[PDB]
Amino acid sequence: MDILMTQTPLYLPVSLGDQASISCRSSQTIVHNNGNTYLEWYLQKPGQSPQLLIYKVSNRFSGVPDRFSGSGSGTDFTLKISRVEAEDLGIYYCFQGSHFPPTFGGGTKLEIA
């Protein structure tokens, strides 16, 4: 637990169809010695284990809807959801695996209400 990952906002109450944005700020830059920035976003649906959504800052994982996109500079990264669907409910986490030990953000709760 060294590189702090802070997410904004911690609670994201939204409504179907609306857009959603989650920010993640790292306390240090996160570029691996090999030049890659291993910044991933995970979604943990209720009653499930986390699942990978975005890796390498902006690459969508297999089967991930196009509504999910990622961006980010040196210490500030963003996960955006064009249109929020009922199946998007859950907790989102950013994660850096660029420097040891790998660290996760504290989680952002997306709740539709």
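Each residue number is its position in the shown sequence, starting from 1.
If you average the C-alpha B-factors over 97-105 and over 8-16, the higher value belongs to 8-16. According to the PDB record, 83-91 carries the higher mean C-alpha B-factor of the two stretches 83-91 and 23-31. Residue set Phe77, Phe61, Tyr38, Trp41: peak C-alpha B-factor at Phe61 (per PDB entry). In the deposited entry, the Cα temperature factor of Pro65 sits in the top third of values across the chain's modelled residues. When the modelled residues of the chain are ordered by their C-alpha B factor, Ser73 lands in the highest third.
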